[PDB]
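# Summary of the model geometry
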Amino acid sequence: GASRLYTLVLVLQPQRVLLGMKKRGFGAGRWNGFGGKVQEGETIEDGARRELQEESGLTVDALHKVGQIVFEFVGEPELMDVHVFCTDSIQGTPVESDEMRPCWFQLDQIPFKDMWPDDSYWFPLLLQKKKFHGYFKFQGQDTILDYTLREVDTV
Ligand SMILES: CNc1nc(OCCOC)nc2c1[nH]c(=O)n2Cc1ccccc1
């Protein structure tokens with residue numbers, strides 16, 4: 001059907017991953033990555049950089065696309081086509097805002113119970129830097145009715 005473009009950025013380093021507790025708005029009460037809608041006149045990668053900076057205060061040397069996930073929320077007018085980026089190359093410190101509190105998690109302490117339920121499926125691939133295409137059919141924000149996830153050579 002009709003779909004909208006989104007980006008999702010994970011700051012993933014050898015020993016730790018950066019997530020942000022949402023205090024308000026989309027994903028409130030969960031540890032989320034950084035992202036949002038891609039705008040007209042910017043590339044998907046430019047949009048990922050922009051959202052990372054707007055949300056966390058971070059600027060990076062480079063980012064790479066590691067996956068794509070299509071979300072179907074039952075009853076919503078459009079699909080969400082999310083392009084997933086990864087980067088280790090931060091140039092400063094994350095900053096807490098009125099919207100978000102940043103936290104570095106050790107890789108054996110990733111808080112899946114306090115994250116979106118789909119994350120449990122594709123994180124093991126992200127952590128191995130294995131590229132992936134996924135699809136998740138949701139009923140509301142807690143329930144996965146169906147999904148697919150495959151390792152790909154090209155996103
Ligand atoms: C780290 N896992 C996840 N992080 C976010 O950060 C929000 C920034 O992206 C807009 N969102 C996640 C997320 N895992 C997850 O399911 N979502 C929900 C989502 C659904 C549809 C479009 C975008 C995000």
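As recorded in the entry header, the structure was determined using X-ray crystallography to a resolution of 2.0 Å.

## Topic: the overall build of the protein chain
When its secondary structure is counted, the protein chain shows two helices and nine strands. Counting helices and strands in the order they occur from the N terminus, the protein chain gives β-β-β-β-α-β-β-β-α-β-β. The C-alpha atoms of the protein chain give 15 Å as radius of gyration, which agrees with the globular expectation for 155 residues (15 Å, within 12%). For the protein chain, the C-alpha atoms occupy an extent of roughly 40 × 35 × 35 Å along the three principal directions.

## Let's talk about the site of the ligand
In the vicinity of the ligand lie 16 residues, with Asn32, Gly33, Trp116, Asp118 and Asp119 positioned nearest. Here a nitrogen atom of the ligand sits 3.0 Å away from a polar atom, N or O, in the main chain of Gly33. Burial of the ligand by the protein chains amounts to 97% of its free accessible area of 500 Å². Put simply, the ligand lies in the largest pocket. Breaking the shell around the ligand down by element, the ones donating at least two residues are β1 (3–12), β4 (34–37), β5 (64–73) and β6 (79–87). Per-element accounting of the shell around the ligand gives the leading share, three residues, to β1. Across the shell around the ligand, the residue classes break down as nine nonpolar, five polar and two charged.

## Here's the deal with the pattern of salt bridges
By the definition in use, this model includes nine salt bridges. In this structure, the salt-bridge partner of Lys23 is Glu96, at a minimum N-O distance of 2.8 Å. Taken as a pair, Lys23 in the loop between β2 (16–22) and β3 (31–32) and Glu96 in the loop between β6 and β7 (100–106) lie far apart in primary sequence, 73 residues in all. Judged by relative accessible area, which is 46%, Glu96 ranks as partly exposed.

## As for the nonpolar core
Core analysis: the largest hydrophobic core is formed by 27 residues, its most contacted members being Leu10, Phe71, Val84, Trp122, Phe123 and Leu126. Of all the secondary-structure elements, those providing two or more residues to this core are β1, β2, β5, β6, α2 (119–127) and β8 (132–139). Ignoring sequence-local partners within four residues, the contact set of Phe71 consists of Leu79, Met80, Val82, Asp118, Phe136 and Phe138. Of all hydrophobic cores here, the second largest spans eleven residues; its members include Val9, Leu18, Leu63 and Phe85.

Definitions and limits used
Residues numbered from 1 in each chain as written, not as in the entry; some residues may be left out. Heavy atoms only, no water. Residues with missing side-chain atoms left out of burial classes, pairs and counts. Helix = DSSP H or I, 4+ residues; strand = E, 2+ residues; numbered from the N terminus. Rg over C-alpha atoms; globule rule 2.2 N^0.38 Å. Near = heavy atom within 4 Å. Polar contact = N/O pair within 3.5 Å; in protein donor to acceptor, adjacent residues only side chain to side chain. Areas by Shrake-Rupley, 256 points an atom, 1.4 Å probe, with all protein chains shown as cover. 1 Å grid on protein atoms, 1.4 Å probe; cavity = no way out; pocket = protein on both sides within 12 Å on 5 of 7 lines; lining within 4 Å. Sits in = over half its atoms within 2 Å of the grid points. Nonpolar A, V, L, I, M, F, W, Y, C, P; charged D, E, K, R; others polar. Salt bridge = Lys/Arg side-chain N within 4 Å of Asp/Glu carboxyl O. Buried < 20%, exposed > 50% of the residue type's maximum accessible area, 1.4 Å probe, protein only. Core = buried A, V, L, I, M, F, W, Y, C linked by side-chain atoms within 4.5 Å. Contact = heavy atoms within 4.5 Å.

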